[PDB]
Each structure stands twice: as structure tokens, then as C-alpha cells.
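Peer 1: Have a look at this one.
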Amino acid sequence: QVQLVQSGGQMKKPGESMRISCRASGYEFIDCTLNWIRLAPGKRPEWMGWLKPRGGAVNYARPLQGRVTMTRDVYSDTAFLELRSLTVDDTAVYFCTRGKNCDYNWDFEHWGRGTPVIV
Amino acid sequence: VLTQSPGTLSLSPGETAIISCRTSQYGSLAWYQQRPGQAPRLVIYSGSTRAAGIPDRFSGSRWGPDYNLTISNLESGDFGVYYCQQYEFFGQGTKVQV
Amino acid sequence: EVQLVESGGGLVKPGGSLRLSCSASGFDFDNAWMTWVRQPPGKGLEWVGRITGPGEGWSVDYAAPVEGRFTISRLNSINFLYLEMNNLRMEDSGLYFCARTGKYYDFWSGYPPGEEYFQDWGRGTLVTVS
Amino acid sequence: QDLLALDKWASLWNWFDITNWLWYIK
Amino acid sequence: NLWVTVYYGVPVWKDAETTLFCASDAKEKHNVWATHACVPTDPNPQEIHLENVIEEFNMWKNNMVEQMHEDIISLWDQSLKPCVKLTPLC
Amino acid sequence: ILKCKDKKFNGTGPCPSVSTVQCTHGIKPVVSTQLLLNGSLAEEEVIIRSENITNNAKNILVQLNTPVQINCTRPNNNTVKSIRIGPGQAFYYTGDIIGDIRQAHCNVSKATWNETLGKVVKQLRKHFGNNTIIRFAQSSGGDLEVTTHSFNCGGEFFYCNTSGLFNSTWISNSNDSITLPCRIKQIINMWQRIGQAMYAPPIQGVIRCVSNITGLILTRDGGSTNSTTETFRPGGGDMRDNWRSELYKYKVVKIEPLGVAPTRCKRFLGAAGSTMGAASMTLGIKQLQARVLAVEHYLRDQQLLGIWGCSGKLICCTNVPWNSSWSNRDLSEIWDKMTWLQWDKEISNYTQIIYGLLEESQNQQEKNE
Amino acid sequence: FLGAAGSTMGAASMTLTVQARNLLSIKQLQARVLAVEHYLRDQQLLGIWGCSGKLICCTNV
Amino acid sequence: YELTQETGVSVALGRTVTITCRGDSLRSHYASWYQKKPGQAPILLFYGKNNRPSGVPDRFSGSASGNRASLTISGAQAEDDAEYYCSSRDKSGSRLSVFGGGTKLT
Ligand SMILES: *[C@@H]1O[C@H](CO)[C@@H](O[C@@H]2O[C@H](CO)[C@@H](O[C@@H]3O[C@H](CO)[C@@H](O)[C@H](O[C@H]4O[C@H](CO)[C@@H](O)[C@H](O)[C@@H]4O)[C@@H]3O)[C@H](O)[C@H]2NC(C)=O)[C@H](O)[C@H]1NC(C)=O
Ligand SMILES: *[C@@H]1O[C@H](CO)[C@@H](O[C@@H]2O[C@H](CO)[C@@H](O[C@@H]3O[C@H](CO)[C@@H](O)[C@H](O)[C@@H]3O)[C@H](O)[C@H]2NC(C)=O)[C@H](O)[C@H]1NC(C)=O
Ligand SMILES: *[C@@H]1O[C@H](CO)[C@@H](O)[C@H](O)[C@H]1NC(C)=O
Ligand SMILES: *[C@@H]1O[C@H](CO)[C@@H](O)[C@H](O)[C@H]1NC(C)=O
Ligand SMILES: *[C@@H]1O[C@H](CO)[C@@H](O)[C@H](O)[C@H]1NC(C)=O
Ligand SMILES: *[C@@H]1O[C@H](CO)[C@@H](O)[C@H](O)[C@H]1NC(C)=O
Ligand SMILES: *[C@@H]1O[C@H](CO)[C@@H](O)[C@H](O)[C@H]1NC(C)=O
Ligand SMILES: *[C@@H]1O[C@H](CO)[C@@H](O)[C@H](O)[C@H]1NC(C)=O
């Protein structure tokens, strides 16, 4: 049993900032990597970054460096994504994903429900 | 780095759907399906291996850098949007309709 | 067709040791006894030694320069003729040959131990000391 | 006590002595 | 023609995961990283260079690192166990 | 324990130069996050290791062939005082500071660090394109253990920014010191665990260290195709990545001395690379579980030698004939051209068959009848 | 393993092997070292009687 | 050597001519003579003083002239000419079958 309970759904204006959350369950949150993915209709799915708990190490995608931040609460097992400045191009549904077998991160077997964000 | 076959592919139920994804870089390639209004699922992983719970209809691979996914005998649960991942990349995304 | 593939030996300091093997297949290793000879590169063949027949003593006789230097053994179970060559000098070199000695004698001109002959040899294996 | 004595068929034993009284008797 | 022969002492090794013991040099038994229980080391370790042989290594998947990590954590916790608790400091 | 002595070995794949030992060399359990301290240096040049250099999630381990000295100090003349907080317990805390407060810091030689980064760029350009601009930047995020070079010095725990070490771009073609600010933290959580921590008591007086930076841990950003530049940021990652830089040489191997072979008789690890035949004649609580296992294994082999009618040692002929289906080279080649390991690979899948036939089924015919 | 235990002798003698092979096949340490001790006691006792093989010896008592 | 030899001789491509090799022990023992083209496996021209092994060149002839083991090569073939070697016991009664080197048939 692996379940990523994602939370958000907030309508935002351009120029403002957004934050959404992803609570992990079933698997031990500390020893497995998380990734953040964005899906926009008619556009390429862009991988935004990954977060490793046990140190909270972060790797942000190059197009979004300086605008995206990913942090976490180990005790609530909850990863948090934040975008400092949205635009019209940020209209998309955001997914908190996990590798099928973290040993190899890039097999997104487990996905969240999806968080639409409209700008 | 990654390209795909036409995104307006339209087939009725029952035929075989061929989805081609060309990759420039080496790496394990996975295939994802997105249903309308639901999160994507891992359909193929490591190029040729099906994910758990996926029927045998979803299969296909190619030695060279031109991977082909074959979807035989489409049901009503198919006809989503298909993406091809190689590490971070996902490609254009091709829809399958009726 | 008695293939005698002998393969072993190589570069080594003036003092040292090494271990040559001489396979054999296609005849009766179990009693027919074998010999080693040395052919230094700027020289002809020179006789080294030979195991004696199993049942004919099973002993070895070294040569005039080689006595106290080499040692010969046979594992007939695996048809292998080993030669340990130790306490090396500089003249020790060449395409060391392993051949199947024979026993020849006749009356009239009889005289112990008679003579032997080297019919089926191997291809060769280069050994060179530096 | 290796393969020595495992295969013991020697009627012409000690050939380097069978020589020593092959033709010497003659 | 040919018969099975049993050779004991053949030089054939297969990969594996096992337990390994610390071996320090001499030892004030006040080092956090000393269990004061590791056998003396070999002054002249028997490092045997092999003949020509290729061996496929993989540093990312050996169990020496996992075992060392577990040992380090256990050793640190063992060192910290008999010390002040600082419960009333909060 | 086999160890790879190949000087350019980069962590994976064949190693032509292999040696065997019983014990590894002394490995210091040095705790550090971005820069690996002390340890062992490469022999010829800087060595880059990655499970997949193109993968953005695997940490890249850099091993330096020369050290970069990293001095560090805690200027504060810090006097410790202790109070009793319970029966047989004493709480140690910083009493006060005599001199100016000042700030803890580290020094890295500027020219030496620039030259080291030049070598690292030269090596990284081999794995990627030779026209790629290699950019070094600071860590992008994480807690204080990851974003800052965290280490121990004289009993205190330093956390240094290192934004001055990784601040550069390298285009594809004196005596100054880079001073890194460093903070000191007494509440410590190493090998980050939910619900555990330590209080490191302060150490009286001024502290100084001198140590060798002998390795780095790098992480690529990725995610862009047209950028033409690769950004390598330091990253603590996991603590195991430290010891992977020290145990990369070693691989543990179980010894299986038993073997079978075809032969015409019917009743150390040296020379592993030498072909058969030549080899034939040429040839606390953890420690207790460890010795016991060996004993069991020893008896296991003896038990097999018990049931095969071979009470002796080394070699014994047996009365089971060699089936031609058991991979047959006719015996001229197997004992000349083939090593013991290769032969074992040849008959590994069949091994239980011969163990079955050499069982006491044969010795019931031979010893009971 | 224990098959042919209820069978008559002689026929069951061919199964003696399946008994000798499966001996020696902190709690785990205690159990395994006890098994080692039992096996080694048995082998020492067999050796004192003049045996070395795991099959039958018939002696002069 | 104890089994002293000749350095070599020449050829005429059709000659029936002898080559010799001295050494007293042969007056007591039998004789052995070989063919060894360089880079190849040596062969045995004569098995015993008076006998030759199978597969030997048919043109080859001659047996011995005492302790001067001499034998004749007929129908001289250019490739065949190569070089030839001598051997026998070194001391009368000994087992050391010394290889007394050889002759450049040339
Ligand atoms: C990488 O290796 C280097 C070189 O070994 C290492 O630096 C060394 O650190 C140790 C520990 O701090 C130093 O030893 C100290 O030196 C002074 C000498 O005056 C003393 O103050 C210290 O003794 C006090 O502390 C001890 C407890 O540790 C007490 O038992 C004692 O009574 C004293 O209170 C202690 O001996 C050593 O001098 C340096 N080496 C050099 C050359 O400066 C470095 O720490 C290693 N890297 C890492 C990250 O640790
Ligand atoms: C990065 O990861 C990849 C995949 O995990 C590592 O292996 C690479 O895998 C591909 C196939 O996916 C290999 O392709 C091979 O190429 C040639 C074409 O002539 C041929 O030998 C094979 O049929 C096969 O198609 C690729 O070679 C292989 N890479 C290497 C270096 O062997 C890859 O090694 C990883 N990258 C590293 C370590 O830098
Ligand atoms: C480095 O790793 C590669 C595979 O990534 C391997 O082919 C190569 O042999 C390794 N280098 C050495 C010196 O073994
Ligand atoms: C470290 O300090 C020593 C003297 O203790 C000095 O020689 C050396 O240059 C210093 N290192 C650096 C990098 O400045
Ligand atoms: C480092 O060296 C490079 C050339 O290798 C040079 O361009 C650069 O300016 C140097 N950097 C510093 C900080 O001295
Ligand atoms: C390191 O210094 C830079 C200077 O810009 C600063 O932004 C950064 O926050 C510092 N690092 C930490 C961990 O405070
Ligand atoms: C700290 O200050 C005191 C003042 O008495 C002095 O005795 C001591 O030497 C100082 N410590 C250091 C390490 O300089
Ligand atoms: C740094 O490396 C050099 C060269 O190996 C060595 O001599 C020196 O002792 C090392 N420094 C420390 C502090 O261990």
C-alpha cells in the first residue's frame, strides 16, 4: 500500500505565489524520493524537481530555478511545493509522484490525485 | 531530445494502436497513460515490461532508439493521452480517440 | 593425431622461477614417457630431461647444465607433463619443446640403455629471461 | 601413494635395467 | 572414458553478503568510534596479488557500505547510551 | 575481500588488476557532507564516479589525486561551566567568552582550489560534450546538514557556507585564501532520525583543525535540453556516500573450495587466473556469529567429503562416470585453456546433478555391498 | 529425510544418507552450536569405535 | 658438443649427397637424426640406427658411418632443405640422450 494524498486546488492571479502539499502514507517517508510533475493540456509534461527527505535535499528543474521551492515536514510526512511568481503559463495540474522503486527514481508508479491550478 | 508520432491518432475500439517515441539519449524508457480527469498511470516501464495490474495487451519495444508501444484490442477504458518518459523528459504527448 | 599443446612461460628477471605445462591427447600417456628439450634462440636444440616410464622407475634424469635447476613431474590422471624451472640463469631461454620419448633397442647391436627417439613433439612455447 | 600403484601393470618393469641384462646375457 | 574426480581446495569464489569484524591497531578508552573489542590487526596483511583475472566490481551495490553504515549508527548510539538525558533542560 | 588495484577504476565494471586480502585498510569514519575530508586520494588523476552520470538523481563522487588543505577555527575563547542537574548527572554549558566574540571560519587556499576545480572540469568534460560550459553554484536547498559543509573539529560541530568555493562558470576554452563563514551548533542530529538528537558539550578554549579535502559530492540540475551548460551543485545526499568513497575498491567473496572435474582415474586463492592443471599442482557479537558460521561451513564441506567416500584431502578419484552432456571439451582443453572459475560457470547449473550422483547412492554399491 | 523409518531394515539402509546429510542442516546461535556439538560428539564416538565413513562398519565385538 | 656436428653443407636441387655428425658414444649406442625447419615442429628422420619412422621423405636415404653418423638426401627439394639435427647418448652406459646440435643443409 502506497498512497500520496495531495492537497490544493487554489485559484490564483498572476504575480502572486502558490503553495500545495502532498502527504505520504504506507511507505516510510524518510527513505524514498519524491518528485513534482506538471501537466498542462497541449504541452509537454515538465518535470519540476525532486525532493529527498533525510536531509531534505532538492533538485530544481533549470527553467524554474529561482521560482520553485520544495520543503518538507518529516514528522507529518508532508512535502510542500511553493511557486513564488505564477503567470498565465503556469495553468496546469500538479502531481506529487514517487518512483516505483526509489533505488531508481524515474518510474512514476504512484501519482497523487492531481491539483489543478488556474491563472 | 524526445519526439513522438502524431497526436491526433483516431481509432475505433478493437484495432491495434502503434505509438512511436524517438529518443536521442540512452536510458530506460517508460510509457504512461492518462485517463480523462484522472492522474496518469505507469503502463510500461524499462521499455518493455508491463506494470502490475496492466493487461498483456500493452506491450512492445525496439532495440534501437525508436521505441514502439502496441495496444491491441482497445476497450472503453483506453483512449486516453499517452506520454513517453526517458529520465526527466516526457515528449509531446499523443492522444488516442475514436 | 597426438596433439601436444605446450603453453607456459614468459619474461622474468635473471633470478626467478616459472612453471611450464605440456598437455597431451591422442595416445597412451599412462606408460609412454616424455622429454623436455631447450632450443635457445641463437642455438639449436639441447637436451634437458625426461621422466621415466611409470613402472620403469618413474624417475627423472636432468642434463649437464640443467642438473639441480629444473624438475619434471607428470600427472597422468590429466595427461599433463609439468616442468618447474627454478634458480634461473641468463642463458635459459628459447622455444622449450616437449616431446614423447620412445624406447628403442635391438639385439646384435645391443648396448644398455640403447637409444630413444622424439617422434611427436609440440608446437612450442617461448620463454625468455631478462 | 598417489596414482602410483593405482594402475599396476608392469611385466617389463625397470626398462633401464631390462636393458642392463637384455643383450648382456647374450 | 572420463570419471568425476573431486578436488577440494579449488580456487572458485562466489559473491555473497556476510558479517565482518572490526580490527583496530592499539586502541584512554574514550573514543566514540572504539568498541574496545576489535581484535588486533595484522602487522603484515597477507595481500595476495592474483594472476591475470578480470573481476566485475560494483561499488554502488555492495553490502559493505550498508553494513558499515549500520555499524556506525549502532556504535554511536552505544556510546551515547550511558550519558546524561537532559530531560529537565527543556 | 577482493580489491581492485586498477588506478583509473571508476566504481563499476571489469577490473583487470585484482588482489585479495583478509582485512581492508584502516578507514577513518570521517563525517562530512559536501566535501569528503581525509580518507584516501586517487593515485593518477581526479576520478569521477556515478551510477549513471546522465541520471539527475544519483550523486557524483569526485576523488582528488591531491589534497586541498582546509584550516578551520573557533576564535571564541570560550569558558565552560558545569552544574549538577540530578544525582550523578552534570550539565555542561558555555559559561562565557573572554575576548571578542568573532566568528568561526575556514580557510581554503585560493589558487589550489581553483586548480582543483580546473582538474574536476577537465574530467567532467569527458563524460559530457567537450563544448559544454561547466558551472559551479551553491547548494539549492535542504536543511543545514545538506546546504552547508558539516563536520566535526576538536569536539565542536562546524557548518560552513561554502558559497565561496562553488561560485564560477568554466567555458570550454596567488597566496590568497577563500574564507568560508561557519556556524557552530550544539544540538546535533547525525544520520537524521525522527525523534533523536544529541547535545554536544562545548569545548573549552580555542579550537583549530587541519585536514585534507580529498573528495567532493556533486549533483547535476538538469531538466533542460537547449541550455548547453551543466550546473554542478554540492549536495550532502546520504551519509553512505561518504563510505562509498572508501570501500569502492572492495568486494566480499564467499569461498567455495569444492569442485568436480573429468579425469581418467576411477578410485590460498592464488592461481585463480592460472589455468587448471597448473593450479592443481601449484596448489563483539558480530565476531562470534562470524566464527561460528565458518565452523559450520567447514563441517559442511567435511560432511560432503564424508558421504563421497573421500576421507582424505585435496584430490580424490570417484566412481561416477562423466556424462557427455555435462559440457564436454574432451579433456585436452578444459585442463589447459580454462580456469577454475570458468569451469565452475560451465557446470554451475548442472552441479546438483553430480552432487546427486556422487551421493552415497554410489557408496552403497561400493561400501555396503 | 525420515522416510522408510517405518519400513523394514535393509530396504531402509539405502536411506541412511538422507539422515546423515540433514544433521547440521542468540537463540539461533544456541541452536546451531548445539547441533554442531551433537554432530561432533557423534563423529568422535564413531571414530573411537574404529569408523571413518558415514556408512556401515562391522567390527570384532 | 660431445656429439660433435657439422655447421652445414650446400645443395644442387637434384643431388644425392651426405651429411655427417661425429661423437664416440654412438659407436656404442644407436643413432638419432632429425629435421627442423625453423619456425616449425621438428621431425624425426631416423628412428634408430638402421630404421626410419613413417611419413619421412622418401628421397631421404643413408644410415650411418660409425660414430660419424652420416645419411644421404636425394632429389634435393628447395623448401625441404632447411636444417637437420643430431642426437645420441653422451657417455656409454648413460641415460643422458644429449642433443648434439645440427647442420645447415643450405
Ligand atoms: C583529518 O585528520 C586530521 C589530522 O589527524 C585531524 O586533525 C586533528 O584533529 C585532532 C582532534 O581535534 C587534533 O588533536 C587535538 O590536538 C590538540 C593538540 O594540542 C589537543 O587540543 C587535543 O587534545 C584535547 O582533546 C582530546 C580529545 O580529543 C583530549 O583527550 C585531550 O586531553 C585534550 O583535551 C587533540 O589531541 C589534531 O591535532 C589534529 N591534527 C592536526 C595536524 O592539527 C582532523 O580532525 C581530521 N578531520 C576531521 C573532519 O576530523
Ligand atoms: C546510463 O544508463 C544506461 C541505461 O541504464 C546505461 O547503459 C546503456 O544502455 C544502453 C541501452 O539502454 C546501451 O546501448 C547499447 O549500445 C550499443 C549500440 O551499438 C550496443 O552495444 C547495445 O546493443 C546497446 O544498444 C548503452 O551502451 C549502455 N551504456 C554503456 C556505456 O554501456 C549507461 O551505461 C549509463 N551511462 C553511463 C554509465 O555513463
Ligand atoms: C568506468 O565505468 C564504465 C561504465 O560506466 C566502464 O565501462 C569502465 O570500464 C569503467 N572504467 C574502468 C577503468 O574500469
Ligand atoms: C593552514 O595553516 C597552516 C599553519 O598552521 C598554514 O601553513 C597553511 O597555509 C594554512 N592553510 C591554508 C589553506 O591557508
Ligand atoms: C582559475 O583558473 C582559470 C583558468 O584555469 C582562470 O580563468 C580563472 O580566472 C581562475 N580563477 C580564479 C578565481 O583565480
Ligand atoms: C551563503 O551565503 C550566501 C550569500 O549570498 C547566502 O545567500 C546563503 O544563504 C548563505 N548560506 C546559508 C546556508 O546561509
Ligand atoms: C582565555 O582567556 C583567559 C583569561 O584568563 C586566558 O588565561 C586563556 O589563556 C585564554 N585562552 C586562550 C586559548 O587563549
Ligand atoms: C594530506 O595529504 C598529504 C599527502 O598525502 C599527507 O602527507 C598529509 O599528512 C595529509 N594531511 C593530513 C592533515 O592528514
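Chains as they are written, first to last, in PDB author numbering: chain A, 1 to 52, 52A, 53 to 82, 82A to 82C, 83 to 100, 100A to 100D, 101 to 111; chain B, 3 to 27, 30 to 91, 96 to 106; chain C, 1 to 52, 52A to 52C, 53 to 82, 82A to 82C, 83 to 100, 100A to 100L, 101 to 112; chain D, 658 to 683; chain E, 33 to 59, 64 to 126; chain F, 225 to 309, 312 to 323, 323A, 324 to 398, 410 to 503, 522 to 537, 572 to 657; chain G, 522 to 546, 573 to 608; chain H, 2 to 9, 11 to 95, 95A to 95C, 96 to 105.
Every residue gets a Cβ at the ideal spot worked out from N, C-alpha and C, and that includes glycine.
Suppose you measure from the CA of A/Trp103 to the CA of B/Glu96; what does that come to, to the nearest Å?
Peer 2: Here residue 103 of chain A refers to the residue found at position 111 of the first sequence. Here residue 96 of chain B refers to the residue found at position 88 of the second sequence. Whole-angstrom Cα-Cα distance: 15 Å.
Peer 1: Is the closest heavy atom of ligand 4 to the C-beta of F/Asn339 under 7 Å?
Peer 2: Taking the sixth sequence and counting its residues from 1, one reaches residue 339 of chain F at position 114. F/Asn339 Cβ: outside cutoff for every heavy atom of ligand 4.
Peer 1: Please list the residues of the stretch 473-490 of chain F that have a C-beta atom closer than 7 Å to any C-beta atom in chain E, keeping them in chain order.
Peer 2: Going along the stretch 473-490 of chain F in chain order, one finds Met475, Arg476, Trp479, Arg480, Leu483, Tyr484, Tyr486, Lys487, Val488, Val489, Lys490 with a Cβ nearer than 7 Å to chain E.
Peer 1: In three-state DSSP terms, what is C/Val5?
Peer 2: Residue mapping note: residue 5 of chain C aligns to position 5 of the third sequence, counting from 1. If DSSP states are grouped into helix, strand and coil, C/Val5 belongs with coil.
Peer 1: Shorter than 7 Å, the distance from the beta carbon of F/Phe376 to the closest heavy atom of ligand 1, or not?
Peer 2: The residue you call residue 376 of chain F lines up with position 151 of the sixth sequence. Yes, Cβ of F/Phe376 sits closer than 7 Å to a heavy atom of ligand 1.
Peer 1: If you measure between the beta carbons of A/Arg44 and B/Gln37, is that distance less than 8 Å?
Peer 2: The count along the first sequence starts at 1 and reaches residue 44 of chain A at position 44. The count along the second sequence starts at 1 and reaches residue 37 of chain B at position 33. No, these two residues do not count as a Cβ contact at 8 Å.
Peer 1: Indicate, with yes or no, if ligand 2 has a heavy atom lying under 7 Å from the CB of B/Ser26.
Peer 2: Here residue 26 of chain B is taken as the residue at index 24 of the second sequence, counted from 1. No - ligand 2 has no heavy atom lying nearer than 7 Å to the Cβ of B/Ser26.
Peer 1: Just how far apart, CA to CA, sit F/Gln653 and F/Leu646?
Peer 2: Position 365 of the sixth sequence holds residue 653 of chain F. Position 358 of the sixth sequence holds residue 646 of chain F. So the two alpha carbons sit approximately 12 Å from each other.
Peer 1: Is G/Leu581 close to chain F, meaning its C-beta is less than 8 Å from at least one C-beta of that chain?
Peer 2: On the seventh sequence, position 34 is the one that residue 581 of chain G refers to. Not closer than 8 Å to any Cβ of chain F, the Cβ of G/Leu581 fails to qualify, so no.
Peer 1: So A/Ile30 contacts chain F; which residues on that side make the cut at Cβ distance below 9 Å?
Peer 2: For the purposes of this step, residue 30 of chain A is taken as residue 30 along the first sequence, with counting starting at 1. Those within 9 Å of A/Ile30 in chain F are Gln428, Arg429, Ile430.
Peer 1: Quick one: is C/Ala24 buried, meaning 16 or more other Cβ sit within 10 Å of its Cβ, or exposed?
Peer 2: Taking the first residue of the third sequence as position 1, residue 24 of chain C is located at position 24. Buried, because 16 or more other Cβ atoms sit within 10 Å of the Cβ of C/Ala24.
Peer 1: What residue range does the alpha helix (DSSP H) around F/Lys305 cover?
Peer 2: Residue mapping note: residue 305 of chain F aligns to position 81 of the sixth sequence, counting from 1. Premise fails: F/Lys305 lies in the beta strand (DSSP E), 302-312, not in any alpha helix (DSSP H).
Peer 1: Span of the beta strand (DSSP E) holding F/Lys227?
Peer 2: Taking the first residue of the sixth sequence as position 1, residue 227 of chain F is located at position 3. F/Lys227 -> beta strand (DSSP E) spans 226-228.
Peer 1: Please report how far the alpha carbon of F/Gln328 lies from the alpha carbon of F/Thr320, in whole angstroms.
Peer 2: Residue numbering aside, residue 328 of chain F sits at position 103 when the sixth sequence is read from its first letter. Residue numbering aside, residue 320 of chain F sits at position 94 when the sixth sequence is read from its first letter. Roughly 16 Å between the two C-alpha positions.
Peer 1: Which residues does DSSP list as the beta-bridge partners of C/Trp47?
Peer 2: Working through the third sequence from its first residue, we reach residue 47 of chain C at position 47. The partner list for C/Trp47 (beta bridge, DSSP) reads C/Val37.
Peer 1: Do we get a CB-CB distance below 8 Å when we pair A/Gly55 with the residues of chain B?
Peer 2: Within the first sequence, numbered from 1, the residue matching residue 55 of chain A stands at position 56. Taking Cβ atoms only, chain B never reaches closer than 8 Å to A/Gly55, which makes this a no.
Peer 1: Out of A/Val109, A/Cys92, A/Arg105, which one is the CA nearest neighbour of A/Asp100C?
Peer 2: Working through the first sequence from its first residue, we reach residue 100C of chain A at position 107. Answer by Cα proximity: A/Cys92.
Peer 1: Is it the case that the Cβ atoms of residue 109 of chain B and B/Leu78 are separated by a distance below 8 Å?
Peer 2: Lying outside 3 to 106, the shown extent of chain B, residue 109 of chain B is not represented and no answer is given.
Peer 1: Mark C/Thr35 as exposed unless 16 or more other C-beta atoms lie within 10 angstroms of its C-beta, in which case mark it buried.
Peer 2: To locate residue 35 of chain C, count along the third sequence from 1; it is residue 35. Flag for C/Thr35 reads buried.
Peer 1: How about E/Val68: is its Cβ closer than 7 Å to a heavy atom in ligand 7?
Peer 2: What you label residue 68 of chain E is simply residue 32 of the fifth sequence in a count that begins at 1. Checking every heavy atom of ligand 7 against the Cβ of E/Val68, none is found closer than 7 Å.
Peer 1: Tell me whether C/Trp33 is buried or exposed, calling it buried when 16 or more other Cβ atoms sit within 10 Å of its Cβ.
Peer 2: Locating residue 33 of chain C in the third sequence gives position 33, where the first residue counts as 1. Answer is buried; the Cβ neighbour count reaches 16.
Peer 1: In whole angstroms, what separates the C-alpha of F/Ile423 from that of F/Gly472?
Peer 2: Against the sixth sequence, residue 423 of chain F aligns to sequence position 187. Against the sixth sequence, residue 472 of chain F aligns to sequence position 236. Distance between the alpha carbons of F/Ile423 and F/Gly472: 19 Å.
Peer 1: Below 7 Å on C-beta distance, what does C/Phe77 contact in chain F?
Peer 2: For this step, residue 77 of chain C is matched to residue 80 along the third sequence. Ordered by position in chain F, the residues that pass the 7 Å Cβ test against C/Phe77 are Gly531, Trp623.
Peer 1: Output yes or no for whether 8 Å exceeds the beta carbon distance between A/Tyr74 and A/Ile20.
Peer 2: Translated into positions along the first sequence, residue 74 of chain A becomes position 75. Translated into positions along the first sequence, residue 20 of chain A becomes position 20. No.
Peer 1: From what residue to what residue does the alpha helix (DSSP H) around F/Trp631 run?
Peer 2: Numbered from 1 along the sixth sequence, position 343 holds the residue referred to as residue 631 of chain F. That run of the alpha helix (DSSP H) goes 628-635.
Peer 1: Could you check which residue in A/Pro62, A/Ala56, A/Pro52A has the C-alpha nearest to that of A/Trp47?
Peer 2: On the first sequence, position 47 is the one that residue 47 of chain A refers to. With distances taken between Cα atoms, A/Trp47 lies closest to A/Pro62.
Peer 1: Can you pull out the residues from the stretch 359-384 of chain F whose beta carbon lies closer than 7 Å to at least one beta carbon of chain A?
Peer 2: The stretch 359-384 of chain F vs chain A, Cβ under 7 Å: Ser365, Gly366, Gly367, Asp368, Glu370, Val371.
Peer 1: Any heavy atom of ligand 1 inside 7 Å of the beta-carbon of F/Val254?
Peer 2: As a working mapping, residue 254 of chain F is identified with position 30 in the sixth sequence. True, at least one ligand heavy atom lies under 7 Å from that Cβ.
Peer 1: Taking the C-alpha atoms as reference points, what is the distance between E/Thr50 and F/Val488?
Peer 2: As a first step, residue 50 of chain E is located in the fifth sequence; it is residue number 18 there, counting from the start. As a first step, residue 488 of chain F is located in the sixth sequence; it is residue number 252 there, counting from the start. For E/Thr50 and F/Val488, the distance between alpha carbons rounds to 8 Å.
Peer 1: For C/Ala60, which residues in chain H fall below 8 Å Cβ to Cβ?
Peer 2: The residue you call residue 60 of chain C lines up with position 63 of the third sequence. Neighbours of C/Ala60 on chain H, chain order: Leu95C, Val97.
Peer 1: Using C-beta distances below 7 Å, list every residue in its chain close to F/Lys227, excluding the 5 sequence neighbours before and after it, in chain order.
Peer 2: To locate residue 227 of chain F, count along the sixth sequence from 1; it is residue 3. Only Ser243, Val245, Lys485, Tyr486 meet the Cβ criterion.
Peer 1: Name, please, each residue of chain F whose Cβ falls closer than 7 Å to the Cβ of A/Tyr90.
Peer 2: If you number the first sequence from 1, residue 90 of chain A lands on position 94. Per Cβ cutoff of 7 Å: no residues; A/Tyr90 is ~16 Å from chain F at best.
Peer 1: Who's in the neighbourhood of ligand 7, going by beta-carbon under 5 Å from any heavy atom, listed in chain order?
Peer 2: Spelled out in chain order, the answer is F/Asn301, F/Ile323A, F/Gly441, F/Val442.
Peer 1: Which residues in chain C sit within 7 Å of H/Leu46, going by Cβ to Cβ distance?
Peer 2: By one-based count along the eighth sequence, residue 46 of chain H stands at place 44. Correct list: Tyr100K, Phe100L, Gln101.
Peer 1: Cβ of B/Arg54 within 8 Å of Cβ of B/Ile48?
Peer 2: By one-based count along the second sequence, residue 54 of chain B stands at place 50. By one-based count along the second sequence, residue 48 of chain B stands at place 44. Yes, Cβ-Cβ distance for B/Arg54 and B/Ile48 is below 8 Å.
Peer 1: Of all the options F/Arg469, F/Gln577, F/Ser612, F/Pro437, which has the alpha carbon lying nearest to the alpha carbon of F/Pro498?
Peer 2: For the purposes of this step, residue 498 of chain F is taken as the residue at position 262 of the sixth sequence. That would be F/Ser612, whose Cα lies nearest to the Cα of F/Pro498.
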